[PDB]
$ cat protein_29.cif   # mmCIF, C-alpha atoms
data_final
#
loop_
_atom_site.group_PDB
_atom_site.id
_atom_site.type_symbol
_atom_site.label_atom_id
_atom_site.label_comp_id
_atom_site.auth_asym_id
_atom_site.auth_seq_id
_atom_site.Cartn_x
_atom_site.Cartn_y
_atom_site.Cartn_z
ATOM 1 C CA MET S 1 0.000 0.000 0.000
ATOM 2 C CA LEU S 2 1.052 3.626 -0.627
ATOM 3 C CA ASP S 3 -1.521 6.313 -0.458
ATOM 4 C CA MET S 4 -4.606 4.215 -0.832
ATOM 5 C CA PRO S 5 -6.714 4.233 -4.085
ATOM 6 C CA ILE S 6 -4.059 2.621 -6.290
ATOM 7 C CA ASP S 7 -5.167 0.741 -9.397
ATOM 8 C CA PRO S 8 -5.730 -2.930 -8.371
ATOM 9 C CA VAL S 9 -3.250 -4.109 -11.053
ATOM 10 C CA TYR S 10 -0.302 -3.065 -8.840
ATOM 11 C CA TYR S 11 -1.433 -5.321 -5.928
ATOM 12 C CA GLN S 12 -1.632 -8.124 -8.478
ATOM 13 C CA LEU S 13 1.906 -7.238 -9.618
ATOM 14 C CA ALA S 14 3.326 -7.307 -6.059
ATOM 15 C CA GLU S 15 5.431 -10.466 -6.661
ATOM 16 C CA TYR S 16 6.688 -9.134 -9.978
ATOM 17 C CA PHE S 17 7.948 -5.815 -8.712
ATOM 18 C CA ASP S 18 9.508 -7.407 -5.619
ATOM 19 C CA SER S 19 11.237 -10.070 -7.763
ATOM 20 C CA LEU S 20 13.000 -7.508 -9.967
ATOM 21 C CA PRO S 21 16.758 -7.045 -9.488
ATOM 22 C CA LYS S 22 17.588 -4.006 -7.364
ATOM 23 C CA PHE S 23 20.453 -1.611 -8.179
ATOM 24 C CA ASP S 24 22.085 -2.058 -4.763
ATOM 25 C CA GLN S 25 22.280 -5.835 -5.311
ATOM 26 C CA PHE S 26 25.236 -5.455 -7.668
ATOM 27 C CA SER S 27 28.677 -3.866 -7.382
ATOM 28 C CA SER S 28 28.420 -1.744 -10.540
ATOM 29 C CA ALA S 29 25.816 -0.086 -12.761
ATOM 30 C CA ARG S 30 26.941 -2.278 -15.699
ATOM 31 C CA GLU S 31 26.038 -5.554 -13.950
ATOM 32 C CA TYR S 32 22.793 -4.078 -12.632
ATOM 33 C CA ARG S 33 21.985 -2.878 -16.151
ATOM 34 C CA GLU S 34 22.646 -6.276 -17.730
ATOM 35 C CA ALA S 35 20.436 -8.031 -15.169
ATOM 36 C CA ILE S 36 17.455 -5.636 -15.410
ATOM 37 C CA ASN S 37 17.621 -5.060 -19.205
ATOM 38 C CA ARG S 38 17.619 -8.812 -19.814
ATOM 39 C CA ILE S 39 14.213 -9.107 -18.122
ATOM 40 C CA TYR S 40 12.690 -5.999 -19.772
ATOM 41 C CA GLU S 41 13.895 -6.997 -23.237
ATOM 42 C CA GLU S 42 12.577 -10.539 -23.117
ATOM 43 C CA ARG S 43 9.136 -9.241 -22.104
ATOM 44 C CA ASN S 44 9.280 -6.780 -25.004
ATOM 45 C CA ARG S 45 10.156 -9.640 -27.351
ATOM 46 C CA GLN S 46 6.864 -11.244 -26.262
ATOM 47 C CA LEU S 47 4.787 -8.014 -26.536
ATOM 48 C CA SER S 48 6.128 -6.937 -29.940
ATOM 49 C CA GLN S 49 4.587 -10.076 -31.387
ATOM 50 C CA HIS S 50 1.292 -8.249 -30.958
ATOM 51 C CA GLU S 51 2.490 -4.871 -32.283
ATOM 52 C CA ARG S 52 3.069 -5.430 -36.035
ATOM 53 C CA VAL S 53 4.797 -2.639 -37.947
ATOM 54 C CA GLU S 54 5.327 -2.593 -41.726
ATOM 55 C CA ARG S 55 9.034 -1.758 -41.301
ATOM 56 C CA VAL S 56 11.452 -1.367 -38.420
ATOM 57 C CA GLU S 57 14.928 -0.301 -39.429
ATOM 58 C CA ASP S 58 18.074 -0.001 -37.311
ATOM 59 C CA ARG S 59 20.322 2.760 -38.664
ATOM 60 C CA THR S 60 23.664 4.027 -37.467
ATOM 61 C CA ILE S 61 24.122 7.799 -37.705
ATOM 62 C CA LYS S 62 26.878 10.416 -36.979
ATOM 63 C CA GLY S 63 26.577 12.266 -33.709
ATOM 64 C CA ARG S 64 29.248 14.539 -32.284
ATOM 65 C CA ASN S 65 30.024 11.709 -29.801
ATOM 66 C CA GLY S 66 30.460 9.154 -32.578
ATOM 67 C CA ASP S 67 28.067 6.479 -33.837
ATOM 68 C CA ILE S 68 24.431 6.617 -32.675
ATOM 69 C CA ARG S 69 22.038 3.780 -33.465
ATOM 70 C CA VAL S 70 18.358 4.714 -34.019
ATOM 71 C CA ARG S 71 15.384 2.431 -34.653
ATOM 72 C CA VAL S 72 12.872 3.670 -37.254
ATOM 73 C CA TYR S 73 9.400 2.183 -36.891
ATOM 74 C CA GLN S 74 7.468 3.191 -39.966
ATOM 75 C CA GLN S 75 3.883 2.067 -40.376
ATOM 76 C CA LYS S 76 3.303 4.422 -43.327
ATOM 77 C CA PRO S 77 5.684 6.565 -45.452
ATOM 78 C CA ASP S 78 5.406 10.382 -45.706
ATOM 79 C CA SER S 79 3.920 10.601 -42.229
ATOM 80 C CA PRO S 80 4.489 12.602 -39.015
ATOM 81 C CA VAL S 81 7.349 11.443 -36.744
ATOM 82 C CA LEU S 82 7.916 11.164 -33.064
ATOM 83 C CA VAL S 83 11.575 11.087 -32.039
ATOM 84 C CA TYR S 84 11.560 9.095 -28.803
ATOM 85 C CA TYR S 85 14.018 8.774 -25.926
ATOM 86 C CA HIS S 86 13.625 5.772 -23.570
ATOM 87 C CA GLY S 87 13.616 6.029 -19.755
ATOM 88 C CA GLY S 88 15.948 4.254 -17.322
ATOM 89 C CA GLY S 89 17.536 6.944 -15.118
ATOM 90 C CA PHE S 90 20.142 7.779 -17.803
ATOM 91 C CA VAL S 91 21.714 4.438 -16.748
ATOM 92 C CA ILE S 92 19.601 1.452 -17.811
ATOM 93 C CA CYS S 93 17.028 0.379 -20.400
ATOM 94 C CA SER S 94 17.393 0.527 -24.155
ATOM 95 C CA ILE S 95 15.720 0.607 -27.511
ATOM 96 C CA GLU S 96 14.790 -3.069 -26.945
ATOM 97 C CA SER S 97 13.169 -2.417 -23.555
ATOM 98 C CA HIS S 98 10.747 0.159 -25.095
ATOM 99 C CA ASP S 99 10.360 -1.633 -28.389
ATOM 100 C CA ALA S 100 6.745 -2.717 -27.812
ATOM 101 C CA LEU S 101 5.767 0.823 -26.751
ATOM 102 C CA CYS S 102 7.245 2.489 -29.860
ATOM 103 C CA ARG S 103 5.786 -0.195 -32.195
ATOM 104 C CA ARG S 104 2.350 0.409 -30.675
ATOM 105 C CA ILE S 105 2.637 4.178 -31.123
ATOM 106 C CA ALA S 106 3.719 3.828 -34.771
ATOM 107 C CA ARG S 107 1.092 1.130 -35.488
ATOM 108 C CA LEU S 108 -1.861 2.943 -33.898
ATOM 109 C CA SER S 109 -0.968 6.236 -35.594
ATOM 110 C CA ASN S 110 0.001 4.792 -38.982
ATOM 111 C CA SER S 111 3.061 6.955 -38.750
ATOM 112 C CA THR S 112 6.731 6.962 -37.746
ATOM 113 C CA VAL S 113 8.654 6.722 -34.531
ATOM 114 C CA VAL S 114 12.468 7.133 -34.316
ATOM 115 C CA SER S 115 13.802 5.643 -31.041
ATOM 116 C CA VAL S 116 17.290 6.844 -30.027
ATOM 117 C CA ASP S 117 19.965 4.547 -28.569
ATOM 118 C CA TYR S 118 21.714 7.304 -26.553
ATOM 119 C CA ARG S 119 24.963 6.865 -24.545
ATOM 120 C CA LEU S 120 24.347 5.674 -20.963
ATOM 121 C CA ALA S 121 25.936 6.745 -17.668
ATOM 122 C CA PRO S 122 28.169 6.193 -15.792
ATOM 123 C CA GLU S 123 30.110 5.102 -18.915
ATOM 124 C CA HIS S 124 29.182 8.443 -20.566
ATOM 125 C CA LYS S 125 28.442 11.257 -18.131
ATOM 126 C CA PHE S 126 26.021 14.115 -18.588
ATOM 127 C CA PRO S 127 25.712 15.781 -21.107
ATOM 128 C CA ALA S 128 26.662 12.970 -23.546
ATOM 129 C CA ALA S 129 23.062 11.604 -23.707
ATOM 130 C CA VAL S 130 21.595 15.084 -24.269
ATOM 131 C CA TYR S 131 23.910 15.574 -27.299
ATOM 132 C CA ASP S 132 23.191 12.110 -28.696
ATOM 133 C CA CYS S 133 19.445 12.845 -28.508
ATOM 134 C CA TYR S 134 19.802 16.308 -30.036
ATOM 135 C CA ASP S 135 22.085 15.055 -32.806
ATOM 136 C CA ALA S 136 19.692 12.206 -33.666
ATOM 137 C CA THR S 137 16.708 14.609 -33.643
ATOM 138 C CA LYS S 138 18.439 17.111 -35.932
ATOM 139 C CA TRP S 139 19.459 14.231 -38.201
ATOM 140 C CA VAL S 140 15.788 13.320 -38.505
ATOM 141 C CA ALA S 141 14.886 16.887 -39.409
ATOM 142 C CA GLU S 142 17.729 17.071 -41.963
ATOM 143 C CA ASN S 143 16.980 13.716 -43.568
ATOM 144 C CA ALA S 144 13.216 14.128 -43.946
ATOM 145 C CA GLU S 145 13.078 12.906 -47.603
ATOM 146 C CA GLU S 146 15.373 9.953 -47.041
ATOM 147 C CA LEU S 147 13.395 8.778 -44.002
ATOM 148 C CA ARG S 148 10.118 9.477 -45.780
ATOM 149 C CA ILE S 149 8.736 11.581 -42.940
ATOM 150 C CA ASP S 150 6.790 14.843 -42.916
ATOM 151 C CA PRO S 151 9.352 17.567 -42.014
ATOM 152 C CA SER S 152 6.486 19.833 -40.964
ATOM 153 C CA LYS S 153 5.314 17.288 -38.340
ATOM 154 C CA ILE S 154 8.313 16.342 -36.165
ATOM 155 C CA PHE S 155 7.618 15.635 -32.474
ATOM 156 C CA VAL S 156 9.922 14.723 -29.593
ATOM 157 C CA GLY S 157 9.060 12.770 -26.455
ATOM 158 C CA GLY S 158 10.279 10.347 -23.834
ATOM 159 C CA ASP S 159 9.416 8.756 -20.505
ATOM 160 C CA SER S 160 11.247 9.480 -17.206
ATOM 161 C CA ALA S 161 14.875 10.298 -17.996
ATOM 162 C CA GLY S 162 13.580 10.261 -21.569
ATOM 163 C CA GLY S 163 11.080 13.017 -20.872
ATOM 164 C CA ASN S 164 13.963 14.957 -19.372
ATOM 165 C CA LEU S 165 15.921 14.350 -22.579
ATOM 166 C CA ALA S 166 13.020 15.493 -24.772
ATOM 167 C CA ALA S 167 12.812 18.730 -22.788
ATOM 168 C CA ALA S 168 16.618 19.252 -22.983
ATOM 169 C CA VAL S 169 16.545 18.586 -26.722
ATOM 170 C CA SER S 170 13.732 21.125 -27.233
ATOM 171 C CA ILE S 171 15.737 23.722 -25.273
ATOM 172 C CA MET S 172 18.935 22.961 -27.190
ATOM 173 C CA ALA S 173 17.002 23.368 -30.488
ATOM 174 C CA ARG S 174 15.451 26.659 -29.294
ATOM 175 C CA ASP S 175 18.882 27.958 -28.182
ATOM 176 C CA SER S 176 20.206 27.100 -31.687
ATOM 177 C CA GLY S 177 17.374 29.005 -33.350
ATOM 178 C CA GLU S 178 16.005 25.760 -34.816
ATOM 179 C CA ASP S 179 12.219 25.552 -35.148
ATOM 180 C CA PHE S 180 11.562 22.023 -36.542
ATOM 181 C CA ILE S 181 10.085 20.572 -33.288
ATOM 182 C CA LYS S 182 6.318 21.010 -33.292
ATOM 183 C CA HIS S 183 5.472 19.327 -29.975
ATOM 184 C CA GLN S 184 7.209 17.928 -26.902
ATOM 185 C CA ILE S 185 5.664 14.932 -25.037
ATOM 186 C CA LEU S 186 6.977 14.508 -21.514
ATOM 187 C CA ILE S 187 5.889 11.309 -19.787
ATOM 188 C CA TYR S 188 6.499 11.644 -15.999
ATOM 189 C CA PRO S 189 9.816 13.392 -16.611
ATOM 190 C CA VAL S 190 12.485 14.309 -14.120
ATOM 191 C CA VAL S 191 13.131 18.069 -14.643
ATOM 192 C CA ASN S 192 14.905 18.913 -11.378
ATOM 193 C CA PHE S 193 17.926 17.533 -9.583
ATOM 194 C CA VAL S 194 18.461 20.325 -7.053
ATOM 195 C CA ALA S 195 15.269 21.351 -5.137
ATOM 196 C CA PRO S 196 12.814 19.190 -3.182
ATOM 197 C CA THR S 197 9.031 19.032 -3.649
ATOM 198 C CA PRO S 198 6.212 17.641 -1.466
ATOM 199 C CA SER S 199 5.774 14.611 -3.721
ATOM 200 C CA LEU S 200 9.516 13.930 -3.632
ATOM 201 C CA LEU S 201 9.360 13.796 0.167
ATOM 202 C CA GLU S 202 5.962 12.044 0.343
ATOM 203 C CA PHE S 203 6.885 9.199 -2.038
ATOM 204 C CA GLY S 204 10.622 9.284 -1.303
ATOM 205 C CA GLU S 205 10.131 5.804 0.150
ATOM 206 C CA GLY S 206 7.502 3.081 0.189
ATOM 207 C CA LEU S 207 6.560 2.809 -3.497
ATOM 208 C CA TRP S 208 7.563 0.249 -6.064
ATOM 209 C CA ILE S 209 9.638 1.290 -9.114
ATOM 210 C CA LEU S 210 11.093 4.507 -7.639
ATOM 211 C CA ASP S 211 12.336 5.744 -4.242
ATOM 212 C CA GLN S 212 14.852 8.353 -3.018
ATOM 213 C CA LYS S 213 17.722 5.849 -2.783
ATOM 214 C CA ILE S 214 17.766 4.816 -6.479
ATOM 215 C CA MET S 215 17.093 8.403 -7.570
ATOM 216 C CA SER S 216 20.263 9.552 -5.784
ATOM 217 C CA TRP S 217 22.153 6.627 -7.223
ATOM 218 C CA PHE S 218 21.027 7.538 -10.760
ATOM 219 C CA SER S 219 22.234 11.122 -10.432
ATOM 220 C CA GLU S 220 25.560 9.904 -8.990
ATOM 221 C CA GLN S 221 26.070 7.790 -12.147
ATOM 222 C CA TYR S 222 24.831 10.537 -14.505
ATOM 223 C CA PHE S 223 26.817 13.577 -13.347
ATOM 224 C CA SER S 224 30.633 13.686 -13.174
ATOM 225 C CA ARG S 225 30.461 16.749 -10.895
ATOM 226 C CA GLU S 226 27.793 17.724 -8.310
ATOM 227 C CA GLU S 227 27.446 21.254 -9.715
ATOM 228 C CA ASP S 228 26.483 19.754 -13.093
ATOM 229 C CA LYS S 229 23.087 19.224 -11.456
ATOM 230 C CA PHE S 230 22.366 22.928 -11.884
ATOM 231 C CA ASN S 231 23.091 22.902 -15.595
ATOM 232 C CA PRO S 232 19.968 24.074 -17.499
ATOM 233 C CA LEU S 233 20.268 21.052 -19.802
ATOM 234 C CA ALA S 234 19.924 18.850 -16.732
ATOM 235 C CA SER S 235 17.619 20.704 -14.300
ATOM 236 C CA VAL S 236 15.584 21.953 -17.261
ATOM 237 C CA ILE S 237 13.102 23.568 -14.915
ATOM 238 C CA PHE S 238 15.628 26.454 -14.605
ATOM 239 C CA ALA S 239 16.214 27.025 -18.301
ATOM 240 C CA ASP S 240 14.759 29.898 -20.312
ATOM 241 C CA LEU S 241 11.390 28.543 -21.508
ATOM 242 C CA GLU S 242 10.410 31.189 -24.075
ATOM 243 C CA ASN S 243 9.454 29.856 -27.485
ATOM 244 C CA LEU S 244 9.742 26.220 -26.478
ATOM 245 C CA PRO S 245 7.483 23.782 -28.335
ATOM 246 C CA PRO S 246 3.832 23.225 -27.124
ATOM 247 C CA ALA S 247 3.827 20.419 -24.542
ATOM 248 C CA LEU S 248 1.791 17.451 -23.452
ATOM 249 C CA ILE S 249 2.849 16.455 -19.963
ATOM 250 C CA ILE S 250 1.657 13.169 -18.506
ATOM 251 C CA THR S 251 2.249 12.549 -14.825
ATOM 252 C CA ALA S 252 1.605 9.674 -12.412
ATOM 253 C CA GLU S 253 -0.280 10.318 -9.170
ATOM 254 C CA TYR S 254 1.887 8.080 -6.932
ATOM 255 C CA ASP S 255 5.347 9.263 -8.015
ATOM 256 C CA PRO S 256 8.030 11.316 -6.303
ATOM 257 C CA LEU S 257 8.640 13.159 -9.615
ATOM 258 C CA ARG S 258 4.971 14.129 -9.993
ATOM 259 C CA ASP S 259 4.952 17.691 -8.612
ATOM 260 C CA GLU S 260 8.114 18.541 -10.517
ATOM 261 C CA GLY S 261 6.530 17.609 -13.890
ATOM 262 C CA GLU S 262 3.392 19.592 -13.182
ATOM 263 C CA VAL S 263 5.318 22.626 -11.972
ATOM 264 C CA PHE S 264 7.370 22.511 -15.189
ATOM 265 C CA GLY S 265 4.088 22.584 -17.099
ATOM 266 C CA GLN S 266 2.826 25.582 -15.143
ATOM 267 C CA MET S 267 6.134 27.383 -15.723
ATOM 268 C CA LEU S 268 5.849 26.798 -19.498
ATOM 269 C CA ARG S 269 2.349 28.340 -19.407
ATOM 270 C CA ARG S 270 3.629 31.467 -17.651
ATOM 271 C CA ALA S 271 6.350 31.770 -20.281
ATOM 272 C CA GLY S 272 3.616 31.752 -22.929
ATOM 273 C CA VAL S 273 4.092 28.193 -24.103
ATOM 274 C CA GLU S 274 0.883 26.182 -24.522
ATOM 275 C CA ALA S 275 0.802 23.034 -22.417
ATOM 276 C CA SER S 276 -1.471 20.343 -21.106
ATOM 277 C CA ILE S 277 -0.826 18.761 -17.738
ATOM 278 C CA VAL S 278 -2.550 15.471 -17.333
ATOM 279 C CA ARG S 279 -2.298 13.567 -14.072
ATOM 280 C CA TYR S 280 -3.309 9.899 -14.307
ATOM 281 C CA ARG S 281 -4.775 8.760 -10.954
ATOM 282 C CA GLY S 282 -3.976 5.503 -9.205
ATOM 283 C CA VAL S 283 -0.777 4.780 -11.105
ATOM 284 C CA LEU S 284 2.956 4.886 -10.337
ATOM 285 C CA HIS S 285 6.018 6.106 -12.172
ATOM 286 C CA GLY S 286 6.786 4.024 -15.246
ATOM 287 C CA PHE S 287 3.162 2.909 -15.760
ATOM 288 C CA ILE S 288 3.050 3.322 -19.570
ATOM 289 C CA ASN S 289 5.054 0.141 -20.252
ATOM 290 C CA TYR S 290 2.375 -1.917 -18.498
ATOM 291 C CA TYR S 291 -0.299 -1.176 -21.162
ATOM 292 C CA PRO S 292 -1.089 -4.893 -21.782
ATOM 293 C CA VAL S 293 -2.677 -5.095 -18.296
ATOM 294 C CA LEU S 294 -3.297 -1.461 -17.303
ATOM 295 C CA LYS S 295 -5.949 0.592 -19.130
ATOM 296 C CA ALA S 296 -4.476 3.908 -17.859
ATOM 297 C CA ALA S 297 -1.342 2.995 -19.872
ATOM 298 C CA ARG S 298 -3.279 2.194 -23.010
ATOM 299 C CA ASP S 299 -5.035 5.577 -22.755
ATOM 300 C CA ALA S 300 -1.757 7.443 -22.064
ATOM 301 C CA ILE S 301 -0.334 5.802 -25.250
ATOM 302 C CA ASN S 302 -3.515 6.731 -27.202
ATOM 303 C CA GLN S 303 -2.773 10.411 -26.257
ATOM 304 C CA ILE S 304 0.700 10.240 -27.821
ATOM 305 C CA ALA S 305 -0.573 8.460 -30.947
ATOM 306 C CA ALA S 306 -3.496 10.913 -31.335
ATOM 307 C CA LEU S 307 -0.942 13.716 -31.640
ATOM 308 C CA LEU S 308 0.628 12.093 -34.708
ATOM 309 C CA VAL S 309 -2.757 11.304 -36.252
ATOM 310 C CA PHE S 310 -4.751 14.401 -35.422
ATOM 311 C CA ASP S 311 -4.540 18.005 -36.445
#

$ encode --input "protein_29.cif" --output "structure tokens"
Amino acid sequence: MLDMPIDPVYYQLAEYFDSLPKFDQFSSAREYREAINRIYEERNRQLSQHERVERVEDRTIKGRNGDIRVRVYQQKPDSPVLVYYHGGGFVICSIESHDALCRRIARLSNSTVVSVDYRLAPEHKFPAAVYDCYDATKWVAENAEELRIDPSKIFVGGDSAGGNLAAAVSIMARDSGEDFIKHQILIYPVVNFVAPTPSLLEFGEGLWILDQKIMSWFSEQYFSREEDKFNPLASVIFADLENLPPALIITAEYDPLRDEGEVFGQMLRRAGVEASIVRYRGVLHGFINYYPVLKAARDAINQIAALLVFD
């Protein structure tokens, strides 16, 4: 139990969550990563069977940091695109662990999704991932014809650390005077590594998926220096927000990062950026990947897909 009115699916998933490998059960992030990604990826292999996509292509592109692999899920050519950045605290997860999710988005929308295989920490410290995501996004904008995507409909989005990366990318594009991003989709993002919030304290302990201990561990792996936490490409909540793309922010009710995400949405509104802040009740951080058994996740996904389909 956490606060009380939690979707009954979580109580049914008690064994599952408790059986997952914990970060502090290994001596290094690498070993932890290998153990947890193995589980996530196998599950995705099962789910993808039910998310058919006309074509899924793995391409290697040139980022300032070197090679960057991206996976292009294209259900239909000459369609809108969502450049996506997977979650995982900047340390774990991969294209394969969010494969089912991206397939479903591309399939439902009859469009395109480009999932970025960005450099992970601690191997590559902040801001390596931010630059990989920005480089891949710009590459999508610059290769519109080759990829067969609509250059006038390019969206960016991600979940958790991925939502943070989508926000950072949007800022980096704005700072560079680039205007190709038409929408940013932040799924329960982390946008602050310096200040506390009531939700951070309230759910700092006691919930599955995320607690204060692993959050501190993630930032320790991500940043090479403490003060990097205040960088505007990290704690995006302190960046200049003028002219940023219109945003759809999806938050989870039982999540330490909840208030942060909502405050970031209110700050964007003040700065004159249009934004929607949607809090899903009864769910925890990371809920979107559980769409096969959680309706709230299927509806959250429908919101992302609707953006690529509707005008």

$ closest_residue --input "protein_29.cif" --among "S:14, S:306, S:36, S:91" --to "residue S:221" --atoms "all atoms listed in the file"
S:91

$ closest_residue --input "protein_29.cif" --among "S:223, S:180, S:291, S:203" --to "residue S:125" --atoms "only C-alpha atoms"
S:223

$ residues_around --input "protein_29.cif" --residues "stretch 234-241 of chain S" --least-positions-apart "4" --cutoff "7 Å" --atoms "only C-alpha atoms" --output "number ranges by chain"
S: 167-168, 191-193, 229-230, 264, 268, 271

$ atom_distance --input "protein_29.cif" --atom1 "atom CA of residue S:242" --atom2 "atom CA of residue S:174"
8.6 Å

$ atom_distance --input "protein_29.cif" --atom1 "atom CA of residue S:216" --atom2 "atom CA of residue S:204"
10.6 Å

$ closest_residue --input "protein_29.cif" --among "S:209, S:130, S:297, S:214" --to "residue S:25" --atoms "only C-alpha atoms"
S:214

$ atom_distance --input "protein_29.cif" --atom1 "atom CA of residue S:276" --atom2 "atom CA of residue S:93"
27.2 Å

$ residues_around --input "protein_29.cif" --residues "stretch 114-124 of chain S" --least-positions-apart "2" --cutoff "8 Å" --atoms "all atoms listed in the file" --output "PyMOL selection string"
chain S and resi 29+68-73+81-86+90-92+94-95+102+112+126+128-129+132-133+136+221-223

$ resolve_selection --input "protein_29.cif" --expression "the PyMOL selection byres ((chain S and resi 195-197) around 10)" --output "number ranges by chain"
S: 192-194, 198-202, 230, 235, 256-260, 263

$ closest_residue --input "protein_29.cif" --among "S:144, S:35, S:2, S:100" --to "residue S:47" --atoms "all atoms listed in the file"
S:100

$ residues_around --input "protein_29.cif" --residues "residue S:87" --least-positions-apart "6" --cutoff "9 Å" --atoms "only C-alpha atoms" --output "VMD selection string"
chain S and resid 93 to 94 98 158 to 164 189 286

$ resolve_selection --input "protein_29.cif" --expression "the PyMOL selection byres ((chain S and resi 19-22) around 12)" --output "ChimeraX atom specification"
/S:13-18,23-29,31-40,92,208-211,213-214,217

$ closest_residue --input "protein_29.cif" --among "S:296, S:248, S:308, S:53" --to "residue S:104" --atoms "only C-alpha atoms"
S:53

$ resolve_selection --input "protein_29.cif" --expression "the PyMOL selection byres ((chain S and resi 243-246) around 12)" --output "PyMOL selection string"
chain S and resi 154-157+166-186+236+239-242+247-249+265+267-277+307

$ write_last_selection --input "protein_29.cif" --atoms "C-alpha atoms" --output "PDB file, in the coordinates of the input"
ATOM      1  CA  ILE S 154       8.313  16.342 -36.165  1.00  0.00           C
ATOM      2  CA  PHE S 155       7.618  15.635 -32.474  1.00  0.00           C
ATOM      3  CA  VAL S 156       9.922  14.723 -29.593  1.00  0.00           C
ATOM      4  CA  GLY S 157       9.060  12.770 -26.455  1.00  0.00           C
ATOM      5  CA  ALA S 166      13.020  15.493 -24.772  1.00  0.00           C
ATOM      6  CA  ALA S 167      12.812  18.730 -22.788  1.00  0.00           C
ATOM      7  CA  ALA S 168      16.618  19.252 -22.983  1.00  0.00           C
ATOM      8  CA  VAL S 169      16.545  18.586 -26.722  1.00  0.00           C
ATOM      9  CA  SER S 170      13.732  21.125 -27.233  1.00  0.00           C
ATOM     10  CA  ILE S 171      15.737  23.722 -25.273  1.00  0.00           C
ATOM     11  CA  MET S 172      18.935  22.961 -27.190  1.00  0.00           C
ATOM     12  CA  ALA S 173      17.002  23.368 -30.488  1.00  0.00           C
ATOM     13  CA  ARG S 174      15.451  26.659 -29.294  1.00  0.00           C
ATOM     14  CA  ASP S 175      18.882  27.958 -28.182  1.00  0.00           C
ATOM     15  CA  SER S 176      20.206  27.100 -31.687  1.00  0.00           C
ATOM     16  CA  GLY S 177      17.374  29.005 -33.350  1.00  0.00           C
ATOM     17  CA  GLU S 178      16.005  25.760 -34.816  1.00  0.00           C
ATOM     18  CA  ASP S 179      12.219  25.552 -35.148  1.00  0.00           C
ATOM     19  CA  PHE S 180      11.562  22.023 -36.542  1.00  0.00           C
ATOM     20  CA  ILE S 181      10.085  20.572 -33.288  1.00  0.00           C
ATOM     21  CA  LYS S 182       6.318  21.010 -33.292  1.00  0.00           C
ATOM     22  CA  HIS S 183       5.472  19.327 -29.975  1.00  0.00           C
ATOM     23  CA  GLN S 184       7.209  17.928 -26.902  1.00  0.00           C
ATOM     24  CA  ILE S 185       5.664  14.932 -25.037  1.00  0.00           C
ATOM     25  CA  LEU S 186       6.977  14.508 -21.514  1.00  0.00           C
ATOM     26  CA  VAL S 236      15.584  21.953 -17.261  1.00  0.00           C
ATOM     27  CA  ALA S 239      16.214  27.025 -18.301  1.00  0.00           C
ATOM     28  CA  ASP S 240      14.759  29.898 -20.312  1.00  0.00           C
ATOM     29  CA  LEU S 241      11.390  28.543 -21.508  1.00  0.00           C
ATOM     30  CA  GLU S 242      10.410  31.189 -24.075  1.00  0.00           C
ATOM     31  CA  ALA S 247       3.827  20.419 -24.542  1.00  0.00           C
ATOM     32  CA  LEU S 248       1.791  17.451 -23.452  1.00  0.00           C
ATOM     33  CA  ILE S 249       2.849  16.455 -19.963  1.00  0.00           C
ATOM     34  CA  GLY S 265       4.088  22.584 -17.099  1.00  0.00           C
ATOM     35  CA  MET S 267       6.134  27.383 -15.723  1.00  0.00           C
ATOM     36  CA  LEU S 268       5.849  26.798 -19.498  1.00  0.00           C
ATOM     37  CA  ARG S 269       2.349  28.340 -19.407  1.00  0.00           C
ATOM     38  CA  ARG S 270       3.629  31.467 -17.651  1.00  0.00           C
ATOM     39  CA  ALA S 271       6.350  31.770 -20.281  1.00  0.00           C
ATOM     40  CA  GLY S 272       3.616  31.752 -22.929  1.00  0.00           C
ATOM     41  CA  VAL S 273       4.092  28.193 -24.103  1.00  0.00           C
ATOM     42  CA  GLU S 274       0.883  26.182 -24.522  1.00  0.00           C
ATOM     43  CA  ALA S 275       0.802  23.034 -22.417  1.00  0.00           C
ATOM     44  CA  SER S 276      -1.471  20.343 -21.106  1.00  0.00           C
ATOM     45  CA  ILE S 277      -0.826  18.761 -17.738  1.00  0.00           C
ATOM     46  CA  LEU S 307      -0.942  13.716 -31.640  1.00  0.00           C
TER      47      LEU S 307
END

$ closest_residue --input "protein_29.cif" --among "S:80, S:292, S:5, S:88" --to "residue S:218" --atoms "all atoms listed in the file"
S:88
